[PDB]
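What follows is one structure encoded as structure tokens, with my remarks underneath.
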Amino acid sequence: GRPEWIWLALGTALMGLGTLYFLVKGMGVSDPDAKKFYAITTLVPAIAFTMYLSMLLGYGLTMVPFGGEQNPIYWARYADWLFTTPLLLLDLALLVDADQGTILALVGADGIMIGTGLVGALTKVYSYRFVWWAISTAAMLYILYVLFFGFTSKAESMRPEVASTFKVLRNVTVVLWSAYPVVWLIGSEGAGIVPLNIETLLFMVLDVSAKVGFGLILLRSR
Amino acid sequence: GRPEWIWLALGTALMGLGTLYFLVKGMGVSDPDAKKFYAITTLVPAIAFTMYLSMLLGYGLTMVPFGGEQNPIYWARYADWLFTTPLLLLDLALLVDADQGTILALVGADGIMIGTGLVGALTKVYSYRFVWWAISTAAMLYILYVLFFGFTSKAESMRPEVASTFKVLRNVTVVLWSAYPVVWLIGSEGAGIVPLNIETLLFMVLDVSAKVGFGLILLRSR
Amino acid sequence: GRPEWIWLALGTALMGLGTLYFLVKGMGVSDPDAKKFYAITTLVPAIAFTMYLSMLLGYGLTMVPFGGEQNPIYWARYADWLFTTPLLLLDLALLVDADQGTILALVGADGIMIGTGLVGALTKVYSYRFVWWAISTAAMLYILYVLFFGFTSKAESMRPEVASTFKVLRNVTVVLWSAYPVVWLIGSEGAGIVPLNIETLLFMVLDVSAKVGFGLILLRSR
Ligand SMILES: COP(=O)(O)OC[C@H](O)COP(=O)(O)OC[C@@H](COCC[C@@H](C)CCCC(C)CCCC(C)CCCC(C)C)OCC[C@@H](C)CCC[C@H](C)CCC[C@@H](C)CCCC(C)C
Ligand SMILES: COP(=O)(O)OC[C@H](O)COP(=O)(O)OC[C@@H](COCC[C@@H](C)CCCC(C)CCCC(C)CCCC(C)C)OCC[C@@H](C)CCC[C@H](C)CCC[C@@H](C)CCCC(C)C
Ligand SMILES: COP(=O)(O)OC[C@H](O)COP(=O)(O)OC[C@@H](COCC[C@@H](C)CCCC(C)CCCC(C)CCCC(C)C)OCC[C@@H](C)CCC[C@H](C)CCC[C@@H](C)CCCC(C)C
Ligand SMILES: COP(=O)(O)OC[C@H](O)COP(=O)(O)OC[C@@H](COCC[C@@H](C)CCCC(C)CCCC(C)CCCC(C)C)OCC[C@@H](C)CCC[C@H](C)CCC[C@@H](C)CCCC(C)C
Ligand SMILES: COP(=O)(O)OC[C@H](O)COP(=O)(O)OC[C@@H](COCC[C@@H](C)CCCC(C)CCCC(C)CCCC(C)C)OCC[C@@H](C)CCC[C@H](C)CCC[C@@H](C)CCCC(C)C
Ligand SMILES: COP(=O)(O)OC[C@H](O)COP(=O)(O)OC[C@@H](COCC[C@@H](C)CCCC(C)CCCC(C)CCCC(C)C)OCC[C@@H](C)CCC[C@H](C)CCC[C@@H](C)CCCC(C)C
Ligand SMILES: COP(=O)(O)OC[C@H](O)COP(=O)(O)OC[C@@H](COCC[C@@H](C)CCCC(C)CCCC(C)CCCC(C)C)OCC[C@@H](C)CCC[C@H](C)CCC[C@@H](C)CCCC(C)C
Ligand SMILES: COP(=O)(O)OC[C@H](O)COP(=O)(O)OC[C@@H](COCC[C@@H](C)CCCC(C)CCCC(C)CCCC(C)C)OCC[C@@H](C)CCC[C@H](C)CCC[C@@H](C)CCCC(C)C
Ligand SMILES: COP(=O)(O)OC[C@H](O)COP(=O)(O)OC[C@@H](COCC[C@@H](C)CCCC(C)CCCC(C)CCCC(C)C)OCC[C@@H](C)CCC[C@H](C)CCC[C@@H](C)CCCC(C)C
Ligand SMILES: *C/C=C(C)/C=C/C=C(C)/C=C/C1=C(C)CCCC1(C)C
Ligand SMILES: *C/C=C(C)/C=C/C=C(C)/C=C/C1=C(C)CCCC1(C)C
Ligand SMILES: *C/C=C(C)/C=C/C=C(C)/C=C/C1=C(C)CCCC1(C)C
């Protein structure tokens, strides 16, 4: 019996309707600037949608063995997180014209975080995961950093409005994101403390508040 | 016995010789503009070539079960279509200087179409495929649309020649492309109406007339 | 027993410390030009690092059968080479402002080389590999070429210093790179001449002298 069905039966709707919501509202008035934007942000919840639906249907659920059991690992998790994250980081650096340097970097720093996440997310040695967990977090903290001391531009010739619009998402990333290693850590694959049911939910409120909500928190603003 | 061998033994040659044909002819005279082009278009048939060869050799053929049989699904199909499609859409939007907005969008709209194609292209529930088929088509129709009402620029300061060169491919995409969901639909994995042999052929005439021919239909023109 | 452990236990350190070395030294003084650079080059050894670590731990080792045995094929090899190569080619074409034409081309020409490498790197017919080996090399020789007669710009309005800095890496790529088909050829999957132990080492001196060293051979210079 799969009782994660409901928390996973609810991330399709939310993410899915979130997309069906940005096109409708999506258009460009005088500067095909928001145009680049209005796009990205639709992609983020849309891509995810196939994933929540992909977990939801029972297709993204393997049964890897940690010397003592045979547990579930929704591999289709890192997949959705694989294409959304570099898209958000783009909504970011874009807004805050961020030298391509921190850009190519920004992403790769991302990429390598999820990938390794994946590796340590399927390994059959109860003691080889966690190490991979280090390198991943380790890396996370690198974008996170560059995101602070980093994207702190030289707000001089720009919209004396961005600031907030920026730091309000810049504060929603540092908080919302930093939660993943923490759950993944003790979830269904970390310590075996919190089992899937609750984790999986901990995971969707973490997602939505990160996408559906995110994009709004921005496109409503200039 | 594999009698799809011949229709699949012929897509290597066509696609393969099609490549060996664009480099030879490929060069740039006054504007490294066609340069960006002459490139893309070589990639399209070349990438494909490894794929027709990859199917052709018997390496891209799985045996997924639809509660009642055990049928073949050339997974190496969505692979070739995974990198060619975003390349063509580029030959397009390029030619028709198309705001990066419709661009990043164009592709992702593509991407998600093939990916999901893949998912519903390997699933073991005779009733979970088709749904995925919806989301894929559903999406197709989104680029298709933006391709019409969409790429209809403001032909003002440009080559009063593009138009045709454009709408002739723009008419070759809307027709040739829209055939895939229709075959995949009843092919060897849809309904089990048309078996592989014929499908596979339906599939290669669909491909070539889409690449070998395509690129020509363009680079011959200015 | 795995005696490749040491040669693979040493590529983590080298590549790993090589990264920990470019950030530290990595910064931008007057032109966020080196900025684009200082980035790429950190990625190259870093990405690799997870891979040497991924081989090193025993996670990237399959057991494919060549009609007569059951041999090892560190599939996690083409993975690291999948993202580093298009990054180096970028350190290159960048430095030598290289029309996007040769650029998009440069990479795809790369991409298809490793991919096919992979295909012929896992196939279970002792006689179908080598063919794939052809198409791969075949392709290699295409970037290699464009790298010579090709990137030979029109050194006119530029740093009368690049030249060397260029041809010294341009000479380190043509030599160091061209060795892979040659080892892969007779290694543990080609002819079965040189077994893993030595190959694997032949392979890491080939790597480092290609990355750790590479990047240095450049960023030290202007
Ligand atoms: C079978 O054996 P075994 O495997 O061993 O056991 C395992 C056992 O199945 C475990 O669970 P449980 O034991 O609890 O039983 C099962 C279940 C009983 O129900 C069955 C009905 C299910 C199928 C309906 C689910 C609805 C859903 C996930 C859609 C949510 C999307 C909407 C509409 C909101 C978006 C718009 C909004 C912003 C206005 O319970 C769990 C079911 C309940 C929690 C469902 C009701 C609440 C949810 C939150 C709203 C959906 C209601 C809709 C009808 C519309 C109204 C909303 C709005 C428009 C006003
Ligand atoms: C009954 O049980 P039992 O049988 O006993 O148990 C037995 C058990 O159930 C079954 O077997 P096994 O244990 O062997 O399972 C092994 C299984 C796991 O590997 C999955 C592949 C994952 C690990 C790789 C994806 C991430 C990645 C490539 C890391 C680096 C990515 C970066 C940094 C890019 C960003 C950089 C930026 C600058 C742009 O498959 C092994 C599969 C192999 C046999 C096949 C070949 C490998 C793949 C297909 C090639 C590489 C492709 C990548 C590009 C992936 C795409 C995403 C990527 C870009 C992030
Ligand atoms: C510089 O001055 P400034 O005033 O900024 O001037 C400029 C001018 O005012 C421009 O306005 P701005 O935009 O800055 O306004 C303000 C801004 C605030 O950000 C808030 C971010 C949201 C995500 C968080 C709200 C909670 C909060 C701030 C309280 C802190 C305490 C916590 C975290 C709880 C601890 C409890 C613990 C025990 C668990 O935005 C406001 C906009 C939002 C209303 C947007 C909507 C988001 C929703 C959540 C998602 C939508 C989709 C849902 C249906 C999916 C999920 C539902 C479900 C599963 C939960
Ligand atoms: C074995 O048991 P089982 O598995 O149970 O059965 C299963 C049973 O094998 C199923 O099939 P079938 O029963 O029919 O028998 C098998 C077969 C008999 O043949 C064997 C010869 C095969 C190997 C030759 C195939 C040729 C090919 C696919 C290349 C096409 C590329 C070219 C040259 C064109 C591009 C240039 C052009 C634009 C000028 O038949 C099927 C074979 C015939 C259909 C092949 C002949 C026609 C094709 C279209 C042209 C190739 C001819 C070349 C020699 C050059 C001439 C062209 C030009 C340059 C002037
Ligand atoms: C005897 O028979 P039996 O044993 O009983 O039957 C048992 C049977 O035969 C064997 O087992 P199973 O049923 O479990 O098979 C499950 C099998 C299928 O999954 C294949 C992976 C496919 C589904 C994923 C590719 C597409 C994708 C990621 C969708 C979204 C892509 C978008 C939207 C990008 C464009 C966006 C734009 C903005 C740039 O593998 C399951 C494999 C897992 C165990 C391993 C981990 C997953 C992978 C490797 C990580 C994700 C990588 C992706 C980036 C893929 C690359 C392409 C992508 C970019 C399009
Ligand atoms: C605005 O005015 P305009 O006049 O445009 O002025 C500007 C100036 O004239 C510039 O010229 P342009 O370019 O526009 O000229 C015209 C243009 C027309 O497009 C035609 C597209 C091709 C793909 C389709 C031809 C068929 C047709 C138009 C008839 C309609 C009826 C159908 C579809 C059949 C229904 C039957 C049903 C029962 C099945 O191009 C002409 C160029 C072509 C000759 C290019 C070559 C393509 C070939 C097919 C592929 C090459 C490789 C092959 C060896 C592989 C496959 C072979 C095999 C498997 C089939
Ligand atoms: C078990 O059964 P079975 O599977 O059948 O057999 C199979 C049988 O295990 C096969 O191998 P072998 O039979 O040979 O026995 C095994 C082994 C015995 O050792 C065990 C100790 C191992 C664990 C230590 C390895 C060290 C390593 C790979 C790190 C290198 C990185 C550094 C420090 C250099 C970077 C900085 C530099 C530029 C300053 O041997 C093989 C072990 C020896 C080759 C190791 C010593 C030399 C290496 C090159 C340097 C590392 C030394 C460090 C302590 C620091 C000093 C360097 C510097 C800072 C001054
Ligand atoms: C006990 O032993 P036994 O069981 O008897 O033996 C049985 C034995 O052990 C187990 O089974 P099998 O033999 O069937 O193994 C088959 C296995 C191998 O395939 C691995 C996938 C590799 C081959 C594909 C990666 C490379 C690629 C896509 C080539 C082209 C790339 C280019 C040119 C891009 C650059 C272009 C540029 C312009 C940007 O998996 C088969 C897996 C399938 C079932 C699942 C679906 C396929 C995948 C997931 C979708 C495609 C994703 C790609 C985008 C890959 C990512 C990297 C790429 C970008 C380079
Ligand atoms: C145009 O005039 P120019 O004079 O250029 O004026 C401009 C001004 O002079 C600017 O200076 P430039 O930069 O051009 O200076 C010169 C340049 C030379 O390039 C040399 C490249 C290195 C990679 C190769 C050195 C060997 C050589 C040239 C001899 C040839 C014979 C061979 C190949 C052996 C045959 C034997 C066979 C039997 C095996 O650079 C010098 C910089 C280097 C010192 C950089 C450091 C690289 C090291 C190797 C890697 C670092 C990390 C290691 C810890 C990892 C691996 C260790 C281990 C496993 C091996
Ligand atoms: C829309 C989805 C988002 C923003 C997902 C973000 C995910 C992370 C920041 C994940 C981090 C992880 C680690 C640092 C280590 C273990 C594995 C992960 C993927 C949970
Ligand atoms: C060179 C190859 C090309 C242009 C391939 C195009 C493929 C499609 C438009 C495929 C569409 C599909 C669906 C809409 C649903 C089912 C799966 C596909 C991939 C056949
Ligand atoms: C940092 C890693 C680098 C620069 C790796 C380069 C690898 C190659 C040039 C590999 C070439 C191959 C072939 C031409 C055929 C067989 C397979 C390969 C991948 C070894």
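Labels used: A, B, ... for chains in the order of the structure tokens, numbers from 1 for residues in each chain, and numbers from 1 for ligands as shown.
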Report task. Apply DSSP to the backbone of this structure and, from range 52-222 of chain B, keep only the residues in strand (DSSP E or B); write these as a ChimeraX atom specification. Result -> /B:62-64,71-73
Writing out the chosen residues with N, CA and C atoms as a compact mmCIF listing (two decimals), in the first residue's frame:
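Output below, filename out-v1.txt:
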```
# COMPACT_ATOMS: atom_id res chain seq x y z
N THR B 62 14.51 -2.53 -26.38
CA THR B 62 14.09 -3.13 -25.11
C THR B 62 12.88 -4.04 -25.29
N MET B 63 12.43 -4.67 -24.21
CA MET B 63 11.25 -5.53 -24.28
C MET B 63 10.30 -5.30 -23.12
N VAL B 64 9.68 -4.12 -23.11
CA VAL B 64 8.73 -3.74 -22.06
C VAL B 64 7.41 -4.49 -22.18
N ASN B 71 6.38 -6.34 -25.68
CA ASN B 71 6.74 -5.76 -26.97
C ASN B 71 7.97 -4.89 -27.02
N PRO B 72 8.47 -4.66 -28.24
CA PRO B 72 9.66 -3.86 -28.55
C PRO B 72 9.46 -2.37 -28.55
N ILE B 73 10.42 -1.65 -28.00
CA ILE B 73 10.32 -0.21 -27.95
C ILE B 73 11.71 0.40 -28.16
```
For the interface of chain A with ligand 10 (cut-off 7 Å, counting only C-alpha atoms and all ligand atoms), please tabulate each contacting residue of chain A alongside its nearest pair of atoms and their separation in Å to one decimal, rows sorted by chain and increasing number, as JSON lines.
```
{"residue": "A:78", "atom": "CA", "partner": "ligand 10", "partner_atom_place_in_ligand_line": "19 (C)", "distance": 6.1}
{"residue": "A:81", "atom": "CA", "partner": "ligand 10", "partner_atom_place_in_ligand_line": "2 (C)", "distance": 4.7}
{"residue": "A:84", "atom": "CA", "partner": "ligand 10", "partner_atom_place_in_ligand_line": "1 (C)", "distance": 5.5}
{"residue": "A:85", "atom": "CA", "partner": "ligand 10", "partner_atom_place_in_ligand_line": "4 (C)", "distance": 5.3}
{"residue": "A:113", "atom": "CA", "partner": "ligand 10", "partner_atom_place_in_ligand_line": "14 (C)", "distance": 6.2}
{"residue": "A:114", "atom": "CA", "partner": "ligand 10", "partner_atom_place_in_ligand_line": "19 (C)", "distance": 4.9}
{"residue": "A:117", "atom": "CA", "partner": "ligand 10", "partner_atom_place_in_ligand_line": "17 (C)", "distance": 4.0}
{"residue": "A:118", "atom": "CA", "partner": "ligand 10", "partner_atom_place_in_ligand_line": "17 (C)", "distance": 6.8}
{"residue": "A:133", "atom": "CA", "partner": "ligand 10", "partner_atom_place_in_ligand_line": "15 (C)", "distance": 4.8}
{"residue": "A:136", "atom": "CA", "partner": "ligand 10", "partner_atom_place_in_ligand_line": "14 (C)", "distance": 4.7}
{"residue": "A:137", "atom": "CA", "partner": "ligand 10", "partner_atom_place_in_ligand_line": "14 (C)", "distance": 3.7}
{"residue": "A:140", "atom": "CA", "partner": "ligand 10", "partner_atom_place_in_ligand_line": "14 (C)", "distance": 5.8}
{"residue": "A:177", "atom": "CA", "partner": "ligand 10", "partner_atom_place_in_ligand_line": "9 (C)", "distance": 4.8}
{"residue": "A:178", "atom": "CA", "partner": "ligand 10", "partner_atom_place_in_ligand_line": "9 (C)", "distance": 6.2}
{"residue": "A:180", "atom": "CA", "partner": "ligand 10", "partner_atom_place_in_ligand_line": "20 (C)", "distance": 4.6}
{"residue": "A:181", "atom": "CA", "partner": "ligand 10", "partner_atom_place_in_ligand_line": "13 (C)", "distance": 4.3}
{"residue": "A:184", "atom": "CA", "partner": "ligand 10", "partner_atom_place_in_ligand_line": "20 (C)", "distance": 5.1}
{"residue": "A:185", "atom": "CA", "partner": "ligand 10", "partner_atom_place_in_ligand_line": "16 (C)", "distance": 6.9}
{"residue": "A:207", "atom": "CA", "partner": "ligand 10", "partner_atom_place_in_ligand_line": "1 (C)", "distance": 5.1}
{"residue": "A:210", "atom": "CA", "partner": "ligand 10", "partner_atom_place_in_ligand_line": "1 (C)", "distance": 5.9}
{"residue": "A:211", "atom": "CA", "partner": "ligand 10", "partner_atom_place_in_ligand_line": "1 (C)", "distance": 6.0}
```
For the residues selected in the previous step, produce a file with C-alpha atoms as an mmCIF file, in the first residue's frame.
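In the end it all went to selection.cif:
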```
data_model
loop_
_atom_site.group_PDB
_atom_site.id
_atom_site.type_symbol
_atom_site.label_atom_id
_atom_site.label_comp_id
_atom_site.auth_asym_id
_atom_site.auth_seq_id
_atom_site.Cartn_x
_atom_site.Cartn_y
_atom_site.Cartn_z
ATOM 1 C CA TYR A 78 16.565 14.786 -8.383
ATOM 2 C CA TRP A 81 15.360 19.437 -9.220
ATOM 3 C CA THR A 84 14.345 23.816 -12.096
ATOM 4 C CA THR A 85 17.277 24.956 -10.005
ATOM 5 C CA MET A 113 25.175 19.536 -6.069
ATOM 6 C CA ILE A 114 22.164 17.605 -7.425
ATOM 7 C CA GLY A 117 22.875 14.169 -4.512
ATOM 8 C CA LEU A 118 21.671 11.526 -6.939
ATOM 9 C CA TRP A 133 25.937 14.199 1.093
ATOM 10 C CA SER A 136 26.646 18.178 -2.130
ATOM 11 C CA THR A 137 25.884 20.426 0.775
ATOM 12 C CA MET A 140 25.302 24.278 -2.001
ATOM 13 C CA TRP A 177 16.562 25.774 0.044
ATOM 14 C CA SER A 178 18.767 25.112 3.093
ATOM 15 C CA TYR A 180 16.633 19.935 1.842
ATOM 16 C CA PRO A 181 19.943 18.535 3.078
ATOM 17 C CA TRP A 184 17.108 14.228 2.964
ATOM 18 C CA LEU A 185 19.558 13.801 5.847
ATOM 19 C CA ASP A 207 8.818 22.718 -3.278
ATOM 20 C CA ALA A 210 9.755 27.496 -3.701
ATOM 21 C CA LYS A 211 8.042 27.612 -7.161
#
```
Please tabulate, as CSV, the residues of chain A that come within 12 Å of ligand 5, each with its closest pair of atoms and the distance in Å to one decimal, counting only C-alpha atoms and all ligand atoms and ordering rows by chain, then residue number upward.
```
residue,atom,partner,partner_atom_place_in_ligand_line,distance
A:39,CA,ligand 5,38 (C),9.9
A:40,CA,ligand 5,38 (C),7.8
A:41,CA,ligand 5,38 (C),10.3
A:42,CA,ligand 5,38 (C),10.0
A:43,CA,ligand 5,38 (C),6.4
A:44,CA,ligand 5,38 (C),8.1
A:45,CA,ligand 5,33 (C),10.6
A:46,CA,ligand 5,33 (C),8.3
A:47,CA,ligand 5,33 (C),5.2
A:48,CA,ligand 5,33 (C),8.3
A:49,CA,ligand 5,33 (C),9.8
A:50,CA,ligand 5,30 (C),7.4
A:51,CA,ligand 5,29 (C),7.7
A:52,CA,ligand 5,30 (C),11.5
A:53,CA,ligand 5,29 (C),11.4
A:54,CA,ligand 5,23 (C),9.0
A:55,CA,ligand 5,23 (C),11.3
A:58,CA,ligand 5,13 (O),10.1
A:59,CA,ligand 5,16 (C),7.3
A:60,CA,ligand 5,41 (C),7.1
A:61,CA,ligand 5,14 (O),7.6
A:62,CA,ligand 5,44 (C),6.3
A:63,CA,ligand 5,14 (O),9.0
A:64,CA,ligand 5,44 (C),9.1
A:72,CA,ligand 5,44 (C),11.1
A:73,CA,ligand 5,44 (C),9.0
A:74,CA,ligand 5,44 (C),8.9
A:75,CA,ligand 5,46 (C),5.5
A:76,CA,ligand 5,47 (C),6.5
A:77,CA,ligand 5,47 (C),8.9
A:78,CA,ligand 5,50 (C),7.0
A:79,CA,ligand 5,51 (C),4.8
A:80,CA,ligand 5,30 (C),7.1
A:81,CA,ligand 5,51 (C),9.6
A:82,CA,ligand 5,54 (C),6.9
A:83,CA,ligand 5,36 (C),6.0
A:84,CA,ligand 5,38 (C),7.9
A:85,CA,ligand 5,38 (C),10.4
A:86,CA,ligand 5,38 (C),9.0
A:87,CA,ligand 5,38 (C),7.5
A:88,CA,ligand 5,38 (C),11.0
A:90,CA,ligand 5,38 (C),11.3
A:111,CA,ligand 5,54 (C),10.7
A:114,CA,ligand 5,50 (C),10.0
A:115,CA,ligand 5,50 (C),8.3
A:116,CA,ligand 5,50 (C),11.1
A:117,CA,ligand 5,50 (C),10.8
A:118,CA,ligand 5,46 (C),7.3
A:119,CA,ligand 5,46 (C),8.8
A:120,CA,ligand 5,46 (C),11.4
A:121,CA,ligand 5,46 (C),9.2
A:122,CA,ligand 5,44 (C),7.8
A:123,CA,ligand 5,44 (C),10.7
```
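Every residue having at least one atom no farther than 7 Å from ligand 4 is included below, with only C-alpha atoms and all ligand atoms taken into account: residues 1, 2, 3, 6, 9, 10, 13 and 14 of chain B.
Every chain C residue lying within 9 Å of chain B, based on only C-alpha atoms, is listed here: residues 99, 100, 101, 102, 103, 104, 105, 108, 109, 112, 116, 119, 123, 128, 132 and 135 of chain C.
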Query - Selection within 7 Å of ligand 3 by only C-alpha atoms and all ligand atoms, output as a PyMOL selection string - result: chain A and resi 14+164-165+168+172+204-205+208-209+212-214+216-218+221
Keeping only N, CA and C atoms, write those residues as a JSON list (two decimals), in the first residue's frame.
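Output (result-v6.json):
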```json
[["chain", "number", "residue", "atom", "x", "y", "z"],
["A", 14, "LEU", "N", -1.13, 21.52, -7.56],
["A", 14, "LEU", "CA", -0.49, 22.77, -7.23],
["A", 14, "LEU", "C", 0.49, 23.27, -8.28],
["A", 164, "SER", "N", 14.36, 45.34, -2.71],
["A", 164, "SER", "CA", 13.34, 44.51, -2.07],
["A", 164, "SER", "C", 13.03, 43.29, -2.93],
["A", 165, "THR", "N", 12.37, 43.53, -4.06],
["A", 165, "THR", "CA", 12.00, 42.45, -4.95],
["A", 165, "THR", "C", 13.13, 41.46, -4.98],
["A", 168, "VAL", "N", 13.85, 39.79, -1.19],
["A", 168, "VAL", "CA", 12.70, 39.08, -0.65],
["A", 168, "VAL", "C", 12.69, 37.65, -1.20],
["A", 172, "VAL", "N", 14.12, 34.16, 0.47],
["A", 172, "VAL", "CA", 13.26, 32.99, 0.32],
["A", 172, "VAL", "C", 14.03, 31.82, -0.28],
["A", 204, "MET", "N", 7.06, 18.53, -0.32],
["A", 204, "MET", "CA", 6.22, 19.31, -1.25],
["A", 204, "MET", "C", 5.94, 20.75, -0.81],
["A", 205, "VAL", "N", 5.81, 21.00, 0.50],
["A", 205, "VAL", "CA", 5.58, 22.36, 1.01],
["A", 205, "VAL", "C", 6.85, 23.13, 0.77],
["A", 208, "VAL", "N", 6.63, 23.76, -3.53],
["A", 208, "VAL", "CA", 5.68, 24.83, -3.85],
["A", 208, "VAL", "C", 6.15, 26.19, -3.36],
["A", 209, "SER", "N", 6.29, 26.33, -2.04],
["A", 209, "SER", "CA", 6.74, 27.60, -1.46],
["A", 209, "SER", "C", 8.01, 28.05, -2.15],
["A", 212, "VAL", "N", 5.60, 27.67, -7.32],
["A", 212, "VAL", "CA", 4.30, 28.34, -7.43],
["A", 212, "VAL", "C", 4.41, 29.72, -6.77],
["A", 213, "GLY", "N", 4.62, 29.70, -5.46],
["A", 213, "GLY", "CA", 4.77, 30.92, -4.71],
["A", 213, "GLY", "C", 5.90, 31.79, -5.27],
["A", 214, "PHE", "N", 7.12, 31.25, -5.33],
["A", 214, "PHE", "CA", 8.24, 32.03, -5.85],
["A", 214, "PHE", "C", 7.81, 32.92, -7.00],
["A", 216, "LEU", "N", 5.36, 33.93, -8.32],
["A", 216, "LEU", "CA", 4.40, 34.98, -7.99],
["A", 216, "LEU", "C", 5.19, 36.09, -7.32],
["A", 217, "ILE", "N", 5.78, 35.78, -6.16],
["A", 217, "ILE", "CA", 6.56, 36.73, -5.37],
["A", 217, "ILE", "C", 7.43, 37.65, -6.24],
["A", 218, "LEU", "N", 7.54, 37.32, -7.52],
["A", 218, "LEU", "CA", 8.35, 38.12, -8.43],
["A", 218, "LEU", "C", 7.54, 38.83, -9.54],
["A", 221, "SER", "N", 5.60, 41.76, -8.94],
["A", 221, "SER", "CA", 6.45, 42.94, -8.85],
["A", 221, "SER", "C", 7.00, 43.31, -10.19]]
```
